[PDB]
Structure formats: C-alpha cells, structure tokens
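>
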Amino acid sequence: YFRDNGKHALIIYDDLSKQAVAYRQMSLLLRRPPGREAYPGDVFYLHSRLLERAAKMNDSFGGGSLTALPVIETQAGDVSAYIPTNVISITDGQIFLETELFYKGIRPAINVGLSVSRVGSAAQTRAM
Amino acid sequence: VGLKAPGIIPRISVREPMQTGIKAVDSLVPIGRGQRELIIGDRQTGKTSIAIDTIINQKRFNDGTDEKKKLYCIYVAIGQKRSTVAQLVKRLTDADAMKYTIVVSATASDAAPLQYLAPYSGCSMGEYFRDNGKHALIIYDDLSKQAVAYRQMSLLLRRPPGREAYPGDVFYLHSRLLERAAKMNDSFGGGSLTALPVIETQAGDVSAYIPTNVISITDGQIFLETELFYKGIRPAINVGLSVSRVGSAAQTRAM
Amino acid sequence: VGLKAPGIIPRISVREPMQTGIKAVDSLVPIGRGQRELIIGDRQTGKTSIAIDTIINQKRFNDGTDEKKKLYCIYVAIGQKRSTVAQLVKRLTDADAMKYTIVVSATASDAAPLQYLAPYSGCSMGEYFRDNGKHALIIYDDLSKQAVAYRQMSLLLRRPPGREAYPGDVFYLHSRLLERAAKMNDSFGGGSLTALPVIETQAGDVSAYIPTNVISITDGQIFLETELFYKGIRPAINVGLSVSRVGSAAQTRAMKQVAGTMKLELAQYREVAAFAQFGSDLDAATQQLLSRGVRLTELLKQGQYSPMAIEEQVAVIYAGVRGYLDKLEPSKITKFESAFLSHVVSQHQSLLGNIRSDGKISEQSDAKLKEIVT
Amino acid sequence: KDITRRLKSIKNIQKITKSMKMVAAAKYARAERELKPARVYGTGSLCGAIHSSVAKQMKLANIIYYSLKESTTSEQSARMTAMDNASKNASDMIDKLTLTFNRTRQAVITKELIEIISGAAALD
Amino acid sequence: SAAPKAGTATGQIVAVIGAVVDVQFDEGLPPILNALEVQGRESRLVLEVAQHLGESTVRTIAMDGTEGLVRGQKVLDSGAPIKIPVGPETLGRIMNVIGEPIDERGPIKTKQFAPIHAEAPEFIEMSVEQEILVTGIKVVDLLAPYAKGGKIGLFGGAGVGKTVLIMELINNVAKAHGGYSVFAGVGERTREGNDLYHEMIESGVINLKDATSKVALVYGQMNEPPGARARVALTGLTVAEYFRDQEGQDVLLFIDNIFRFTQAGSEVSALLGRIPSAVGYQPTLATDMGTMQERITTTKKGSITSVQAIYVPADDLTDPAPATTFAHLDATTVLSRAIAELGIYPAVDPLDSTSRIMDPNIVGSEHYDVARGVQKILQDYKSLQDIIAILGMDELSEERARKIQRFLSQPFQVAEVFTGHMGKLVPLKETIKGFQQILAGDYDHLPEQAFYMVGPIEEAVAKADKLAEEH
Amino acid sequence: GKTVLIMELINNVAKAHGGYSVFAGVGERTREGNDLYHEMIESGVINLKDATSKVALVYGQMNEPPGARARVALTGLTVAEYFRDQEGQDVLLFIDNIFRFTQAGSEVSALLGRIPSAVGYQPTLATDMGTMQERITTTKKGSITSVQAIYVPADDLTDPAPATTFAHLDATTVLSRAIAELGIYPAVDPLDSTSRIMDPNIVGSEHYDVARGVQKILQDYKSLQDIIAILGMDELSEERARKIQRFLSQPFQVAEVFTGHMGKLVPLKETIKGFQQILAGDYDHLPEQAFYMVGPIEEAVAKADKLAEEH
Ligand SMILES: Nc1ncnc2c1ncn2[C@@H]1O[C@H](COP(=O)(O)OP(=O)(O)OP(=O)(O)O)[C@@H](O)[C@H]1O
Ligand SMILES: Nc1ncnc2c1ncn2[C@@H]1O[C@H](COP(=O)(O)OP(=O)(O)OP(=O)(O)O)[C@@H](O)[C@H]1O
Ligand SMILES: Nc1ncnc2c1ncn2[C@@H]1O[C@H](COP(=O)(O)OP(=O)(O)O)[C@@H](O)[C@H]1O
Ligand SMILES: Nc1ncnc2c1ncn2[C@@H]1O[C@H](COP(=O)(O)OP(=O)(O)O)[C@@H](O)[C@H]1O
Ligand code: VO4
Ligand code: VO4
Ligand code: VO4
Ligand SMILES: [Mg+2]
Ligand SMILES: [Mg+2]
Ligand SMILES: [Mg+2]
Ligand SMILES: [Mg+2]
C-alpha cells in the first residue's frame, strides 16, 4: 500500500523457515510430487516470488519503498541448507546471528565472511 | 500371542533379583526379576554366551528347595543358522540345562512371518509362569534380525514404508513385546518374567533406529563392545552407555 | 549390439601386450591385449589424453611389417561437447592417426538413448576384428556420463528406480558391455579387443556406485588423480588403489626385467614417502628406498603428445631401476629422458635393435647403456 | 564428500610425525656411544613439552658440556613424545572419522534414495 | 516327474520388459518356481515362474536374454523347477545355470537331475561335530580358524583380495583334498573362469582324458541377466548337495561371490511389483541370503566344507549386503581397502575377522591367548597410532605390533604374478617360538620394516644380513 | 563471487568489445537487472538516443514461474545466435546463472508426470544442460565467446548441478565459501579451476610451468597447513605460497563498493619478474600479510614503507 503510495514501510517475515516446514504440508496433501526434503520443488518460487516484492520505487513511479527482513532458523550453524540457500540465493544482504557466540557477550554476534550488506556502501550514508 | 501387557495395577516392583552367574554382570549390572534388560552388542561379542550363562545359572536352583527361588527358561532364536541353534540345544543339554528350558527357532529358511511371530510366541511361553506364580527367563536372540525380517512382510502388503523401510510401527513392534515381561504383585500372583532382548550393534552405534526404538523402552541395557573383547576385556561393558535403570533394587544388600 | 560375450572356452590368456607408448603406463601398468583396463580419474586429469596417446602409439605399426603386431582403434565419445570431439578428430588427423581409427559420437544434443546405445555400438565395431583375427582398441569415453544418461531413459518407462535412480541393472549395464572385449584363442581366431572404460572421479572417490559397479568388473584400473597432476606428477597414478590385475603376463620380459620393482616399490613407499618428511633419527640408511622414489618419479612422469616406443621405454627407465643416475639431485632428470633419445637416435641405433632381436635386455647393451649413463 | 577434508589433515600430520617417530630413538643412538664413558664413575668419584620445566624454575668444557650431554637427550625426548604420545592419542580419530564416513556414506545413499522413491512409487 | 494336467500347460507371453516376462496360461497354471520353456526359440530360453498375478497369468524371471521375444510366443510348462543333472557324470565338466554344457565337450550323460530348489536340511539333520581343518595361513588359519563344513566368508571392498585368496585355498586345500570339489562362479569375470579352467587342466584336477576329475564347475556370470546370476549359486550348490547326500562324502564348495545371489533380486525386485528397501534393495534379502545359505551345510549323511565370498558395495560394510551375510560365515576376514595401501596382504583386518571355532579347546589356550593379546595390543595400537602421540610414533610411553602386522602379511602363492614372492605358508609348524616372542618382548627389536614382506621370525636375522646396519 | 565477477568481465571485456553483446539474466535478482540497465546507460553501452547500442538484454527472473526461468536462457541465446549466424559476427553472451535452466525442470518435472532422480531432480538434467549449452558455440559462420554462471546448491559441488555442468565450460573457477572467510577475492580455488586451453603452445611454457608449480607448492601446502605441522606453521622443514595466494587475490573494479580498492588488473604486462620470483625464492621474504590485498611485486616495497618494521 505504501510502496505504491509514496509512503515507505518495514515488513518482517518472522520465520519463513517455519513457513517452509508449513508449505510442504499443504502440497503433499494435494499429491503434488515432493522433491527435496518433501519441499514441493517450487520452494524457490515460494520465497523468490515473495521477497522480490519488496522493492525500491523510482520517483517516476512513486519514490515509495518497502524493506523486508526475512527471518530464518539456523540449524546448528548451517546457513547453506536447502531453503537457506533458497533464500540467501535471493535476498541482497544477510545478517547472520550465531548462537555459538551470544553468551560470550558477543551480541548481536555477527559472523563476517558469511554475512553481507550486498547493496554496497549506498546504504551507509557519508557518515558511516 | 496378541495379548496386551498387564498394567500399572497388576505390576509392583522389581525385587527378588535373578542371578546371571556372571560376576561382571550381576555385581556391576544386576538384573532384577520381571524386567527387561537389553543386551546390545556387535557381531562376535558375547551376547549369546552371556545369556547362555545367565540361563545355565539356574541349575542348582531347578532341583533344590525354595521353589520361588527358581527359574524356567525360554530361548528364542530369530534368524540364526539352525546349526548354531543345534550348537546350543546340545550344549545346554551337556549341562543338563535343557531339562528346564524351552527353546524356539525361526532359523533363516523359515519365511519372514515366522521370524516375526516367533518372539510373540516365546513371550506367551513364559506368560504361563508369570501368570501362575512361577517365574521365567526369556531371551529374544536378535530382535534386530526380526527388524530386518519385519519390514519384509509389511512392504509386500503395500503398507507404506517409513524409516529404512521399517513400517512406522517398528515401535509398536518392539514396545508391545517387551512391555509383556512384567513384575507380578502378590495380589495378582507374585509371578514374573524377565526378558533380555538381543540386539546387533553396527560398528558401535547404539543409537540407530530400532536400537533407539528398543533402548527407548527397555529398563537397563548391557552394551557389549567388539571394540574391547580381545583386549581380554570380556564381557566388555561400556559404562556411561549402559545401565541397570531399575536401580539398586535388583542388587541385594550384598552387592 | 545385443550380443552376449563369448565365454570360458573361446577365450584364452591375455598375452601379446598392447603398447600405450606412455612410459609410466605400460612400464608400471602394462596393458595386455583382449582385456579391460579401467581408467578412472576426476575432471581435468588426463583420461582422454592418455587414451589418445595410447591410440596414437599404433602409428608405426599400422603400415609396417608384422600384421599381427598392429592395432585398429575405436573411439567412443559419450556426452562430450561435439567440439571437444572435433578437437580430437582433427588432432588425431594431424598425426594421421585417424587414418586407422573409427570414432563415434553421442554428443550432448543427442537424446539419452543415443548416449546409451553408443558404447554397445562401438563394441560391435571392434568385434569385427576380435572375430576376424585382427585386433582393436576401443575407448569408452565416459561410461559414467552414460550412467547419468541411462537412468533417464528407464525412469521415463516407469521402471522402478533403485540406487541414485540407477535402474538396478546398472550392473548388467556395464557388465554386459566390458565382458565383450575378450581374448581370442587360436582355436577360435587369435583376434582380440582391448577396452579402457573412462570414468569420472567425484573428488577422489573411486568406490562410488557405478565405479564399484565398474571396477568390480574390469581387470586392471588406472586411477588418475586431479589431486596430484599440477604437482607435475602426471599421469598421477595412485598405487594401492589401481592395478594391472592380469598380472605380469602383459609386461613382456623387458618390463619383467626392469619394471618388476617399479610399481610395488611404491606400493608401501606410499608410507615412507609419507614419513621421510619428518625423519631424522631412524635407520640411518633407510634413505635408499626413499632416494628411489623421488629421482625415479621424475622418470616416471611421461608427458607429451608423443609416445616413446617399447625399446626407448626399455632405455631411460631401466637406467633408474638399475640405480646409476640415482644420487644426483633430481631437477634436470627431465633433460635425460629428453636428450638420452636425441643422443640415442643419433648414435645408439643398435641397442634398441637388441629388443627387436632378443626382445629383452642383453648382457651386452646392459654394459653399453651403463656407459652412456655413467 | 566433506569428512574427506578433515581426514586429509590427519593423514597429512602422519607423514611428518609418524616418520620422525623413528628418529625419536635414532637421536639416542647418536649420543650414548660417547656419552657413557663420561657418565657415572667415568668422571666423578607439536614438540612434547620436556624442554620447559627446567627453564621456568628461575622463580669451559666441564659442567656446560657434561650437563648439555645429558640435557641433549632430555631435549630431543620431546620428539619421542611428539611422535609417540601425540600419535597414540591422535589415530583413534583416523579410525573414528573414517568410521562415520561410511556412516554418512551409507546415510546419504539411504537418504536421497528415499526421495527418489518418495515420488516414484506413488502415482496412479 | 514333470507332467502337466489334462489341460494345456502352454501359456502365451503377454508382457516383456527386460528380465521380466509375464505369461498367461488358460488350462493349467504353473506353480511358482517352475521352469518354463519358451517355444519359437533358436536356443533354450527358460523363464522361472515367480508369481501368480491372477487373471490366470504368471510372472517369470528370464534365465537368459529376452531379445526378440514376442507378445504371443508360446511358453511351455515343464512341470518342475529348473533341474540340472546331478552326479559324478558332471565332474570335470562345466555347466551353466540350467545344466547346459558350456565346456563344449558334448552331452552330460547322467542317471538323473535334481531340482535346484530343494528343502534345506532340518534341525534333526544338523551336526554339532566341529572337527578342525588347517590351511597354513597367518590370520586366516590362526586368528579366525576354519573348520569342516564350516563356512568361510571373505568380505572384500571390490578388489582387495577376495578372489585371489580363494584360488589359494584351492592350492593348499582343493588339490590335496580327498572327496569331491565344486566351484560355482556367480557374477564375477569370465576371464577368471577361463583361466581357472585351464589351470585346473595344467594341474590335472580336471583331466580331459581318464576320469580322474574331482572338481565340478558351474558358471553363470556377468555377461548374463540377473535371473541367471540369481541361480547359478543355487545350481553349483545343488551339485555339492547331491555329492554329500546320495553319495556320502565330505565335499567342498567354492562360490566366487555368493551375494550376487542378491544383486540378482536387486535387479529383479522392483521390476517384479515390489516396494524397495535398504538402499533400494528388496524386502527379501534376509530370507534370500537365508534360504540359500542354509543348504550348504553338514548332516547325518555327509559334510560340505564351503568357502564363499561376499562383496562390499561402495566400500560400506554398512551395506545390508556384507552385513546380513555375516551371521552365516564360520570365520570372518574383512579385507580393508585402507590396508592395501599399507600393502598388508591379505588385507584381513585385526578386528572384524571373527570365528565360532576359536576356543582353547580346538585352537589352543596358548594360541587363542596371544590372539587376544595380538588384537589387544592392536586395539590400543589403533588408537595410539594417531591418538595421544598424533601420527609420529616415538613420543613417550615405551609401553611388537608393527612386527606382528608384518607376520600375518604372508604374501604366499597366488600373489606371485606381482613380485616373485612365493608360497609363504606351512601348517602352524613353526609359529611356536616365533609370534609369541614379539608380544612378550623376546627377540623384538629388528629395525622396523626390516621384517616386512615375510613371516617366520627365522627371517629376521636371515634378512638382517640382506639389509645390515652397523660399524 | 559469481555475479560480481561477470559485471567485471563486462568492464574489461564487454565495453572494449568490437561486435555485439548479450545478457540473459536467468533466475537471479531484479535489483541487479535494473542497476545493470542503468549502468549500461551511464556508460553509453546502452544509449537511448542515437542507435549506438551493442548489448541486448533478455530477462526472466525470480518473481516468475519456472516455465519462464526455463526459457529466458534460451531466448537470450536465440538472440546471440541470430547475430553470429545470419549476421556473421563474434558475439558475447552473459548468462547470470545458466543452471536455473534446471531449477526450472526441478520445478516442473514431477508435476509433469515424471519419476524423480538425483536429489529429486529430473531424469533429463543431462540432456537438458546438454541440448541447451550445445548452441552457445562457434561455427563456420561466426563465433560466440560466452560467459556463464553456475550455482552450487547447499554448497555441494556434489550436486549433479554444478557437477554435470563442468563438462561444458572452457575454463573452471569454483569460488570457495571457506575462501571468503580468508577474504581471498575472487574466491577462485587453487585446485578446481581447470581449462582446455592451458598448454604451453597458447598460454606459455614459462607461464604454464609456474602454474603447475604454483598449484604444486599449493597441494603439499594444503596438506602442510594442517598435516604434519598441525595448524601453527614454523615447525621445521623450511622446504611463497601464502605470498602467491595474495597475488591472485586481485580486488579489482566491481568490488569498490566495499573498501575503495579499485581496478587491480593490467593484461599480463608485469606478471613477469613478479610471480616467478616468489616460487624460486627471489624477492620472497616480506613480513607475510604485509602483501595481502594487492597483487604486483612492485607493491611489496611500495607498502613496506606504508607498514615498516625496524630499528
Ligand atoms: N567368557 C568367554 N571368554 C572368551 N570367549 C568366550 C566366552 N564365552 C563365549 N566365548 C566365545 O565368544 C563368542 C560369544 O559370542 P557369540 O558369537 O556366541 O554371540 P554374539 O557375538 O553375541 O552373536 P553371534 O552368534 O551372531 O556372533 C563365541 O564365539 C564363543 O566361542
Ligand atoms: N602429458 C601431458 N602433460 C601435462 N598436460 C597434458 C598432457 N597431455 C594432455 N595434457 C592437457 O591435459 C588435459 C588432459 O585431460 P582432458 O581434459 O583431455 O581429459 P579428462 O580430464 O580426462 O576429461 P575432460 O576432457 O572431461 O576434462 C587437457 O586439458 C590437455 O591439454
Ligand atoms: N595376496 C596378495 N598379495 C598382494 N597383492 C594382492 C594379493 N591379493 C590381491 N592383491 C591385490 O589386490 C588386487 C585385487 O585383489 P583380488 O584378489 O583380485 O580381489 P577380488 O577379485 O576379490 O576383487 C590385485 O589386483 C592385487 O594388486
Ligand atoms: N571481488 C570481490 N572482492 C571482495 N568481496 C567480494 C568480491 N566479489 C564478491 N564479494 C563478496 O561476496 C558477496 C557475494 O558475491 P556475489 O558476487 O554477489 O555472488 P553471487 O551474486 O554470484 O552470489 C558480496 O556481497 C561481497 O561481500
Ligand atoms: O548468489 V548466487 O544463489 O545466485 O550463487
Ligand atoms: O527413549 V527416553 O524415553 O528413554 O528418551
Ligand atoms: O572385485 V570384487 O567387485 O568382485 O569384490
Ligand atoms: Mg548369537
Ligand atoms: Mg574427456
Ligand atoms: Mg572378484
Ligand atoms: Mg548471483
């Protein structure tokens, strides 16, 4: 509504991962042949289709915006699991949060080398 | 053979232990009567000997005084070569041990259903005692091999497989059974049935599907490690991955 | 193409070896005629070059005297880009090698059945010779890719899959085939067909389903490791995980004289060459069994678009097995193997001639060689 | 593929360590032949961790050679241990990580195999 | 007897899909396991019945190629399973999966033939008598002992020393053997079958002249369909059977890979209308390996001292193939691939090589103790070699093995084609003094690999000279 | 570092290229397609005025169905085709991930009435990747110098996706994830980066030798880094690499948006003298990471000054 009306917005998809756990369910019951870890094959078009909708709007179109941070569940530390690949392979910029650190005091606990801003220095204003 | 295990009220408390005669066993791991003690262990490791000693131990008992201080034996052979079985029947006969024992065989040739229905056939054997005051010791030699042998039967009926073909109710397979060797309260009979399910350890893993399925039930699991044995460390029991569970109730004041 | 392999009685014994021309190959791993030698190896490792040298080696033979001492070639391309194939056809044509070869292609575009039926098409090619006294060399470039390409066809017929989709008869797939390159007894023809099935090594695993399926058949498997190669160690053959199987029957008396120590000197040396890197205080002089891997290794690294005939292969390596070059720090050894020949075909034109006379190492030329080497 | 990687390092550590292991005793041989006459009544009347306990205790060919001669052996003993007490307790891992490959060698083989049939067997 | 009903024992092929031919009879349905004769042929094509699909249609497993078969071809009902001629009149000859002569020497004149599917010997037929039998091999004879009627099992991970060993056991045992012998080659190379043939001629074992032949050769290999590799093992067993029973003698049987009896099902299962299992396999592998191996045994009429071989797919003992098999073999020998690097040959491993005949009563108190002691030192050895010390030995704790490992690496006879090393053997004779020394410490010090590719302690000093170290 | 690299190859190669160019974006972000558009305007490549445009942009991405990602690669190829053939010219083609041509089937296979395979995939992936890639080639009428990109699902080269593909690419570059930690960029690995054009006849005897020698030292290097010495270097056996690893870590142009590092490049020019030194020993000693995020040997001493060590 905002990204199409000049106004901006911040959407948080808390656990797309759990939606992954929750998608296969529905498809298997329609008898749509499973593929990887039951994931209906279009597990991509599942999370491509969505993220691809939070975009930047040009003046000539509105100037509006929508920023999206998809939440994901890391299985012991693996960021490259099917679904994560499926999601990191799309999204531009991924903040990795490691349980491995946290208590160390290292909170947020971000692992550099396995997490990026991607969009580059355009985000960080001259200040940063 | 399709009986449902007794329950909360019929049962009481594992007391009046049963003597294996195996020092390391009893002393360390004491087996109480009316309970299920899992003897897991890889190929060549002693599972059948220990159980065979445990059974040979009732000798002096089956002809002496205290009737209640006795023990009848039911040996179930599942899969095994029918020669290995003749090895035991003859050998147990040497120590006269066969004179108070019942042995049942589902040796390879026998179609899968037999290697399946077999344990549920031995359970019932002993249940005669566990329901008539008398006590008993049943050994299910290789439930593991019965696992190899169950999936067969179900897949052919086209019952969707699940884990490693295992028909899903691979639990109800081995829950249903073990749950039948229980302790009998005076008020119900005082009888008992103790069961030691034999299991095949794959290189050392005790947590494989079926083992979990079985250790997740049984109270007390004696692990036999091929890794040791030759070391002289025989029986070769790994502490930290094997317990008596029932607690010190089994081990008399002596131990 | 659906013929059933001969059998116990038609066959005889792998004798009258076939020359790859690749020193390291033949000497170490000698290929006899009528047999199946598996050349497994990961991406970029030399499988097609070696086979291409092995085939280029029949040159001088296909126009000389002894008809029986010849070899026709059948090169099967399965999967490959049809440009890589044109790379070979043209390249083999450069050495005139194409003039006595037959090449068949099932290059990517071609529907799965073709990439399937292809080998069984080449088998039959050579069977013409193996059934007419004449001999042949067939190369099944990537049976592995044919594995990738077989399951396709079966799954679409709804033939229940088994392992990694592989239609169960993934064995009868590659048993049936290899089993067709056999040795022919005089009483049946004397002909032959030798086959080297190419296989794709996944990071180093030689025991994958299909490889097991193939190594579990073939007699003799030359493993090519990408892990080495660049090291200079090319062909890069791993001993302990690669054999000739057929035994010393392939290697003529010549190699049975020199090579007899080469491959198993390195069978356990894979330990010491895997230790020396940290010795110090051990058996002081155990260093010999070590001095003998390094220096030789640099003689054991054939590499070029050119084959060194049997009597030249009897020239340079022998010199090592009979430790004379020895001691000298390696490095320049490459120039020996290079120059020893330009030096041999310039003055020593008789010593090689004692292998086309006696066909082994002479008491004489032992000395003669021993004089140019020292 | 994967365990191959951490199984490489072990094997890579072997060559250097396991060979030096032999040296561990060799250093001894190249010492006693001359040290002995100078010892007992002949006069009077990684890298383990041996070359350390002596140095932390700070809180002319006579003694300087006699001591070093006996200290020589106390110093190389580190190799002894580095190749025998570092490798006695570092191999198991060869027999362990090799023994789970086949666990997750079999696994994958019996994991993806499920999927292949998970669709194949049920249709019409 | 083989005679059908007063109604057509002929069906017409209704479906062909590789190795599975469905057939449809109208007046006389042929039982499961019956051998069927395909008419319209240019050879002999037998289809073994396997199921009774209903709609009066059976389901067969092809015993040879199904090439050119046509939807309508007549298939004949023999009225009895595949039966091969059994008798002394099969010795010295080579049969195939049906009893057809393949050594080309013409018809196999015999008094009768026996069905390849026979009821396994009952409980009250078995025999507890385990009389020993010596091979004079290191690990193989000493460590994991063998025995009369006992089954041998060689677990190889594809080219690790499974078949070489068998030719060898033929060497010491087969030749010198009194009584008849058999060799069923299931699956494996035709190359070997050939050589094995001619080697058995070179050494008289098979003589084409007199009638002094003791071995019988049944083959069915690689260039054939699975219905064939499925039963060649059976046939070469139906042979050994007839000799033990109806002719009371202690036979020997050599199966070159007996689990090919299962690759078979793994190639026919799913295509039969079954739901897969472990690795894809079959919901029958257990009963399969079972029903079959429970024939190759002794009895109140005769004994069958057999020697099998079992392959390790993808090098995984974790395969329910080598695995399931174990429970049958009266002595184990899992040759390791990580062992062939080490050159240790045979690649028999100091762990997974069991036996149900290794007690002090039959092997020795002295012998079975140092065996426990050899694998003992070996166990903490397997750990130490890496654990604690980290590869490089030396370290500390001087608290033999590397020695003993070279001891049991007897390079013997069948391995001559590699480095001239010959028949390293001899029946126990001088193991005494020798191996015991190593363990207690005695005589143990000779400069490591200085005692590598040989066995007897007597060659420690008879080699020290070869490679000397002093001044 | 798969797509960053491609924009880069556009930088040095595309612009300066004579003849036409194409860019099929299959699967990947729309964000990039946009920027790539406007960047191609900022730099004239695509001019909206005259008719001085050389690239052609075919797209079909992520926010679309698989039938679309299945063929966008085809279309952007059908383009490059027409130019090479009917218009005899040596074209260039840029596919941003060409195996999306297979995610496609992996999303339509089973739902088409097919029995799954490797990972679930398809009993066609071989012929698929095949039939398609066997078009993007040269001929007796023109040439197509192409540049593709192939994704590694679950980081597993063991996927029959990156795998099967290999047999098509005339030069490999398996960028490693365990390499990005090390910062080494591009993440091209000293092992799995082959070529069917690396012989002394075309690359150099000198060049292809030290290449063998660079990966040689590198192989026993991969072992030593852990094996024998156990992580910590020093140990013994002084018997360069860490140097060369920094050499081939050219941070170049398309990576400016991170730390100002710019167009580290230059066509072979001064590789001579430089890299050879490292290996034979010459000039090799400069305090380790002191020569890290740069390439030319000339900047060993032109940085030693930046970070000095003495007294
Ligand atoms: N106390 C003992 N000490 C040393 N060895 C023994 C002892 N008791 C029995 N044995 C021997 O140990 C082995 C005991 O285990 P056994 O092989 O019978 O059973 P298992 O390994 O549990 O199962 P399986 O019969 O399938 O191998 C036998 O081979 C036997 O001869
Ligand atoms: N003796 C040699 N020494 C060094 N390099 C060689 C030698 N012979 C050929 N080469 C080069 O080595 C490579 C040989 O292997 P090639 O790539 O042809 O086959 P392959 O790796 O087995 O299979 P594929 O073609 O799929 O990569 C070629 O890239 C070629 O240019
Ligand atoms: N006794 C032995 N000594 C040395 N090497 C052997 C021995 N037996 C086998 N090998 C090696 O292992 C390879 C495979 O062995 P083989 O016995 O043919 O096994 P199988 O036929 O069962 O696969 C041979 O080619 C040879 O290199
Ligand atoms: N040349 C380079 N130098 C430094 N970092 C790089 C470079 N190329 C890529 N990266 C890092 O890796 C991330 C992923 O790279 P990218 O090229 O966008 O790969 P792809 O688009 O193919 O997934 C970037 O966000 C950046 O942090
Ligand atoms: O970031 V890429 O998922 O497109 O490899
Ligand atoms: O299987 V427990 O119920 O013991 O976790
Ligand atoms: O070589 V064997 O595949 O028959 O184990
Ligand atoms: Mg048992
Ligand atoms: Mg090739
Ligand atoms: Mg074999
Ligand atoms: Mg990208």
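Keeping their order, the protein sequence lines are chains A, A', A'', G, B and B'. A prime marks a further copy of an entry chain. Counting in the entry's author numbering, the first sequence runs from 256 upward without gaps. Counting in the entry's author numbering, the second sequence runs from 129 upward without gaps. Counting in the entry's author numbering, the third sequence runs from 129 upward without gaps. The fourth sequence maps to residues 4 to 48, 77 to 90, 209 to 273 in the entry's author numbering. The fifth sequence maps to residues 1 to 399, 406 to 477 in the entry's author numbering. The sixth sequence maps to residues 161 to 399, 406 to 477 in the entry's author numbering. Built from N, CA and C at the ideal position, the CB exists for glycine as well.
CB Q430/A'' to CB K151/A'', shorter than 7 Å?
yes
> When you compare each of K198/A'', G169/A'', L356/A'' to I350/A'' by their alpha carbons, which one comes out closest?
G169/A''
> I want to check one thing, is the minimum distance from the CB of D333/A' to the heavy atoms of ligand 1 below 6 Å?
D333/A' has its Cβ no nearer than 6 Å to any heavy atom of ligand 1.
> For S320/A'', which residues does DSSP report across the bridge?
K311/A''
> Using a 10 Å radius around the Cβ and a threshold of 16 neighbouring Cβ atoms, would you call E440/A'' buried or exposed?
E440/A'' should be labelled buried.
> Decide if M383/A' is buried, meaning its Cβ has at least 16 other Cβ atoms within 10 Å, or exposed.
It is exposed - the Cβ of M383/A' has fewer than 16 other Cβ atoms within 10 Å.
> Excluding the 5 residues preceding and the 5 following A228/B in the sequence, name in chain order all residues of the same chain whose CB lies nearer than 7 Å to its CB.
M63, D64, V97, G220
> Can you pull the chain G residues whose beta carbon is under 9 Å from the beta carbon of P289/A, in chain order?
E264, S267, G268
> Got a sec, what are the start and stop residues for the alpha helix (DSSP H) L76/B sits in?
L76/B -> not in any alpha helix (DSSP H); beta strand (DSSP E) instead, spanning 74-77.
> So who's on the other strand from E328/A', going by DSSP bridges?
Paired residues: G169/A'.
> In angstroms, rounded to a whole number, what distance separates the CA positions of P121/B and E294/B?
Rounded to whole angstroms, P121/B to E294/B spans 7 Å at the Cα level.
> State the DSSP-derived secondary structure class of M95/B, mapped to helix, strand or coil.
Here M95/B sits in strand by DSSP.
> Round the Cβ separation of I206/B' and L253/B' to the nearest angstrom and send it over; I've been treating them as touching at under 8 Å.
With a Cβ gap of about 16 Å, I206/B' and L253/B' do not count as contacting.
> Can you tell me which of the three DSSP states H451/B falls into?
coil
> Please confirm whether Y197/B has its beta-carbon closer than 7 Å to some beta-carbon of chain A''.
yes
> Give a yes or no on whether 7 Å exceeds the smallest Cβ distance from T318/B' to chain G.
Against chain G, the CB of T318/B' has a partner CB under 7 Å away; the residue lies at that interface.
> Here's a check: name, in chain order, each residue in its chain whose Cβ is nearer than 8 Å to the Cβ of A387/A'', leaving out the five neighbours to either side.
These residues qualify, in order along the chain: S155, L156, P158, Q379, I445, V449.
> Check each residue's C-beta against every heavy atom of ligand 3 and list, in chain order, those closer than 5 Å.
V371/A'', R373/A'', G156/B, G159/B, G161/B, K162/B, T163/B, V164/B, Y345/B, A421/B
> Is it true that the region 225-232 of chain A' meets the region 197-209 of chain A', where meeting means three or more beta-carbon pairs spaced less than 8 Å apart?
Touching, yes.
> Taking the alpha-carbon of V276/A' as reference, which of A327/B, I377/B, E366/B, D380/B has the nearest alpha-carbon?
It is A327/B whose Cα lies nearest to the Cα of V276/A'.
> How long is the line joining the alpha carbons of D359/B' and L434/B', rounded to whole angstroms?
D359/B' and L434/B': Cα-Cα distance of roughly 16 Å.
> Could you spell out the range, first to last residue, of the alpha helix (DSSP H) harbouring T66/B?
It is not in any alpha helix (DSSP H) - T66/B carries neither H nor E in the DSSP assignment.
> What three-state label does DSSP hand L252/B in the structure shown?
Strand, per DSSP.
> Could you pull out every residue in the same chain whose Cβ sits closer than 6 Å to the Cβ of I345/A, ignoring the five residues on either side in sequence?
Non-local beta-carbon contacts of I345/A in its own chain, meaning distances under 6 Å to residues more than five positions away in sequence, involve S303, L306 in chain order.
> At least one CB of chain B' closer than 7 Å to the CB of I16/G: is that the case?
yes
> Contact between the region 299-315 of chain B' and the region 243-251 of chain B' is defined here as three or more beta-carbon pairs at a separation below 8 Å; is this criterion met?
yes
> So, for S252/A'': in the same chain, excluding its five sequence neighbours on each side, which residues have a beta-carbon less than 8 Å away from its beta-carbon?
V129, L131
> State buried or exposed for residue 400/B', treating a residue as buried only when at least 16 other CB atoms are found within 10 Å of its CB.
Because residue 400/B' lies between 399 and 406, and chain B' jumps straight from the first to the second, it has no atoms in this structure.
> Would you call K151/B buried or exposed, if buried means 16 or more other Cβ atoms sit within 10 Å of its Cβ?
So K151/B ends up on the buried side.
> Assuming contact is defined by CB atoms lying nearer than 7 Å, are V70/B and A347/B in contact in what I supplied?
No, they are not a contact pair.
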